[PDB]
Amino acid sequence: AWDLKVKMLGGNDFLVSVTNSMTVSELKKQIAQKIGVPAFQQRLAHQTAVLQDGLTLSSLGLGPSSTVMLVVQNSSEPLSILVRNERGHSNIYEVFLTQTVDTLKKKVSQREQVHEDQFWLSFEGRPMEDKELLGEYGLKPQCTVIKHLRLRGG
């Protein structure tokens, strides 16, 4: 276990205790736990090259002398997800994790021409809240969000 120098662009410099066999993804969880920046918002780079979550540190040849740049993304990168409807069909939606759940509901609402109050979204069993950021739900490329109806009888 050795200390990694992480520098936040525009902000402060930090040390994080890491090991060679630590993933970039675990590094982001350590940073999130240390300074409260959600992992989905962290862009890490070494020698100006963005680090990929599944990669091991040593694999990026990082060491005690290495310096990693942290950029906290105010607007993050596009990704695609699947929204599956109550009829069991899925469609592709493009979102950004720094957007609110409400923006995805409006897109669903506009595409299917349904009032936002006739439905709600869940991710892996967790109801999604309008005002929360999509990123707080752990959405990943091509994951599936489920759309639930609150339709009227009568």
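All residue numbers refer to positions in the sequence shown, first residue = 1.
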Could you check which stretch, 1-9 or 144-152, carries the larger mean CA temperature factor in the entry? 1-9
Please compare 59-67 with 29-37 and name the stretch with the higher mean C-alpha B-factor in the deposited structure. 59-67
Out of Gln52, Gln42, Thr98, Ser90, which residue has the highest Cα temperature factor in the PDB record? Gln52
Between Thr103, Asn85, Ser122, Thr48, let me know which has the highest C-alpha B-factor in the entry? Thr48
Chain-relative C-alpha B factor for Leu134 (record values, thirds): the lowest
